[PDB]
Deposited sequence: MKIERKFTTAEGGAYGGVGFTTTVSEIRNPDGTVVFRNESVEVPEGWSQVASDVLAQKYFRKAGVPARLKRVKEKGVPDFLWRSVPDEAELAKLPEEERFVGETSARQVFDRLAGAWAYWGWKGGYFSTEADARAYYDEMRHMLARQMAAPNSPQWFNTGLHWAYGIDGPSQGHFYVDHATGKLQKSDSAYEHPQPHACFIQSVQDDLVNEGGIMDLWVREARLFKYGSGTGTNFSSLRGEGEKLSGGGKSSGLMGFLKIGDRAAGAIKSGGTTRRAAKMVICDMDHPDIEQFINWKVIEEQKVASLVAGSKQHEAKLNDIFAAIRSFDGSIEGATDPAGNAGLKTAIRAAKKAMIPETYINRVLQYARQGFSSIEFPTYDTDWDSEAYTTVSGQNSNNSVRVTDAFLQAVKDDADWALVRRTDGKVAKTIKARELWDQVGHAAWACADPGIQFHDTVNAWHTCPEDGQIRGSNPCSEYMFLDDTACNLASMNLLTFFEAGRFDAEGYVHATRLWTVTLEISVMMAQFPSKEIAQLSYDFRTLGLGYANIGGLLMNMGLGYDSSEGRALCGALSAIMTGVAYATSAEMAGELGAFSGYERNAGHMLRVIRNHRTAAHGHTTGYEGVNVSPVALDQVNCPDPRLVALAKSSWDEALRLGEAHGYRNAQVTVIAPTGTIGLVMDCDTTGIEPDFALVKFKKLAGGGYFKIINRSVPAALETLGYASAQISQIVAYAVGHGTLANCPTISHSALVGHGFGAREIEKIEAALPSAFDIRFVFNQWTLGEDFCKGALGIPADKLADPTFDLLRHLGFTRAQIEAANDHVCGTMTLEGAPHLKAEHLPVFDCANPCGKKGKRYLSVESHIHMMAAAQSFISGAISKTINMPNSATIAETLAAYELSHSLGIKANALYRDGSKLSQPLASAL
């Protein structure tokens, strides 16, 4: 079942990979572990996130002993502290924290193999030995990684003896199939990063509104995210059986929003991840669309008003203080003309008369001034915690019918939830307008295309897909969990070849492990435990496709680059489904499959019809996906492999079905992308060609984007000119080679024992005017303006581009113009660099990938500050053109916290 392609049998643990140890610390202008062992190629920040957030910091026993279990192999036995050996050492060092990456690599794959074995997944013991070896190798060289909950939880009870009580958690016994209540907080890992949760139009019973906040709080405590479609909640003013009428959807959303703000996700600095989705026909949707817009207005008022009070109250207190006579007359606006002026100013600034009256009654008691805190517009201001809507991503579900109504300028009915009658009729175009402006003002609402989501839904018999997770990549039925892992697409690219069969080997074995994590997990709800057991969704993904594309010498907006993406998307998902189909053959499909086979192989078919590049022939899809482009793919192998693995994936599917109702999902990889040293996260392109790497010392050093020399290696450039181009962008750090301001030109003036001072005071490289401190030198200094006299300001900026670098490859020597788009990034590089990738470039590759992905693609498109509301809606409409399931926008410098 499992074979070996990356590891040996003899050095199989870590076949020839080096190790080093670094210090990792964080302190404010607080944490430090002086020995952090990692693979040698690991960056400083990769070692940082590993120690700071993945290492089990306390309670690790210093000496362990295996626990032999009858029927499970030798190397896979659970381990418990050996107090006979710990009793030797002092109690200070009996229990410590993790210190090395292989500790975590071992506990992760050990737990995976241990559970996978007792689940009978591997048919041999050599396969388990191989799977164990192969897994830790892929982790060690940053080839793939599970979502963070796996990193800090799974293997804790298997490798060490760590245990503890647990309440309200459940699992399905893989042997019996019976639902059970978990009694260990660790024996069953909690490996799921997020959950889609349902809510019923009910206040106080299970599955209801108030109980949802308990369910969301349970998730937030351990660090998981949650998402929910709230549209079943009856609108404001809708009749309730008992007598009165409901307060409405917005009122309860504000409860859970305020609850989310108070629970630190995992006890950490981290915010709680929350997704709030409402359907467009909901009666209160107009309140929902403009929720963050209004609250933002309240923030702005909160700070304009608070500072107004502070200023004019100080003026009133000054007028009372500066009064000749008693306090009784000082505080009378009649007798005190100056106080009357200060109140006149206060009233005209809309300071309420009521508060003007109380500062007066303050002063007669004998008070000099009152504490009146004012607020700022910065992120940390209490004003943001005062208003609502700040603790959730808000998105609306739009159906194709609504988008038909805006193009027809038709009417749109908002229908009551209680009786199905029409509460309101509004032009669809003004509703679409509200969405566009709200997303132009603040980030939200995001948008998800209901009909596109459900056209690819594998199990509609058990309900519609109504919601998603906080980053909108996992889309399945309510009360199911996201089970995620992503691969570094760049680790498969040696010389100029993409290790294709090592890639298919990668997805196959990670499809296996993600399956084991469904088997081994406990869950925060009885229904979530039962459902994930019954459907076994997986979310395998990838990152560093922006970095890979650049490394192989292809641009992000190139048509060949998008065809490549759609290829590797098709291959990973195809093999994953085929792998799960093999799992269903040797173990049985998920219990919800038999009633859903008709639909699941329909979407499987549609995937295959797209790998063959067909224009038409799609069964029951609303927007035909963008087919696998055969012609521009920069390798005929991968297209032929995408065709073959999808062909078989259907064949085994007809044979046995599938062990899993979903397989693939593209996450943001916001933090696991850091520990894998991914140059680009998720599906994103790169953002710059000169970066600032943190290194072992703790400082940040300016470096060339490592993909730029590699790109200049895989095209036709020699090593002489690659360092020429690199020197152009990053700079030379010195004036020894600078043409315009040379040393010789410098000593033209009284310079001599002042050059080495300049020459590496120059490598901080902050676009230099470093000619500052020397007094003695043949000189009074006014302010900024002794820019040194003799050279043109063009000579200075030419010298600046020389030492400090242009930070772009535009204007670089020896670079052919046809090879310029290959270095385009999401933002202009350097200061008068002007090239960047289009909004449409982002969208069109999401499309190219979405056609071969079970769920959706995490994405928030950054748009220029100059963007208009029409362009905003155009982006949404353009996404719907190409079978996109969800999208989200943020315009540069939209929000109030932005300086």
* Asked: Counting from 1 along the deposited sequence, which stretches were left out of the model?
  -> 1, 31-34, 785-800, 921-925
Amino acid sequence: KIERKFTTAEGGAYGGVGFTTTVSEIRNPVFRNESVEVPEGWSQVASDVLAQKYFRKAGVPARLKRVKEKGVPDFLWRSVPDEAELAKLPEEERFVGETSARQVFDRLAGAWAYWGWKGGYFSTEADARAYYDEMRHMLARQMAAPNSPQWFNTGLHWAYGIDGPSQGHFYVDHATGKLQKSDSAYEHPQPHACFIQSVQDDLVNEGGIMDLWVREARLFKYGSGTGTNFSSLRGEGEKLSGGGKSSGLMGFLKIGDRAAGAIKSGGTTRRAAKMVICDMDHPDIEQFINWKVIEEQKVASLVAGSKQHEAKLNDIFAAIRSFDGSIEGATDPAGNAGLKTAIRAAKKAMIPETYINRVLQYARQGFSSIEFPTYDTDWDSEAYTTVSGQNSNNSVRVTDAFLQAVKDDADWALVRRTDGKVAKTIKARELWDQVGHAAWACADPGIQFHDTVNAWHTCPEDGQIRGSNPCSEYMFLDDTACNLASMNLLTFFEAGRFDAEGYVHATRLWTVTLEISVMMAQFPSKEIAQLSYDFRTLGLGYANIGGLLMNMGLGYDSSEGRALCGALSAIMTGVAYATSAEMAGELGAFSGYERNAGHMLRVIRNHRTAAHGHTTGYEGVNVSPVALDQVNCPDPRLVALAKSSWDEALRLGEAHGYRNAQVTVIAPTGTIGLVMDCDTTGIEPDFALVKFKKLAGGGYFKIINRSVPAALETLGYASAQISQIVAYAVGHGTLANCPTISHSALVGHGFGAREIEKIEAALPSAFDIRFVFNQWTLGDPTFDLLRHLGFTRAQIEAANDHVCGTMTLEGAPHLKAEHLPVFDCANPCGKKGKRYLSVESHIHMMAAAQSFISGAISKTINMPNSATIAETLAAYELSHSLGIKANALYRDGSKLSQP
From here on, numbers count along this sequence of modelled residues.
* **332-340 or 287-295, whichever carries the higher mean Cα B-factor** => 332-340
* Structure fact -> Assert higher mean C-alpha B factor (711-719 or 147-155, deposited values) equals 711-719
* Asked: At the C-alpha atoms, which of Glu619, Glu236, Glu310, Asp451 reaches the highest B-factor in this entry?
  -> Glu619
* Asked: Which listed residue, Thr399, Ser532, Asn391, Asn632, has the largest C-alpha temperature factor in the record?
  -> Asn632
* Asked: If you rank every modelled residue in this chain by C-alpha B factor, which third holds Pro864: lowest, middle or highest?
  -> middle
* To do: State the tercile, meaning the lowest, middle or highest third, of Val60 with respect to the CA B-factors recorded for its chain.
  => middle
* Asked: Mind checking which third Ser246 falls in for C-alpha B-factor across the chain?
  -> middle
* Structure fact -> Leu360: C-alpha B-factor third of its chain, per the entry, is the middle
* Asked: According to the PDB entry, is the CA B factor of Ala886 in the bottom, middle or top third of its chain, that is, lowest, middle or highest?
  -> lowest
